[PDB]
């Protein structure tokens, strides 16, 4: 009932497209953000993830990594695909954004955390 395939937009205005999910639950996609004002446009970064196929849940958990094309950073997202109080699909996710640091002594401050909610575009 809740399928990851398709076009999504989030609460900060980023968009993401996800292709077909195979029988192993693997999928690829693209992740688009602004930077920043009306002016001007965008960066596209690839994403790769898997949805959990245990018990063929109608609302499966999933995870994906975005391999940023314009920085040395990586973000991972994890969450669950829900049906809301009737019909519309919603991805409730949390993410970790990992910055590159040059010294292992700075490792402690390299990880940001937050949320995103996605709806169909």
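Residue numbers count along the first chain shown, from 1.
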27 to 35 versus 75 to 83 - which carries the larger mean C-alpha B factor in the record: 27 to 35
Averaging the C-alpha temperature factors as deposited, the higher value of 48 to 56 versus 92 to 100 falls on 48 to 56
Ranked by Cα temperature factor within the chain, is residue 3 in the lowest third, the middle third or the highest third? highest
So where's residue 12 on the chain's Cα temperature factor ranking, which third? highest
Ordered by C-alpha B-factor within the chain, which third holds residue 67? Give me lowest, middle or highest, please. middle
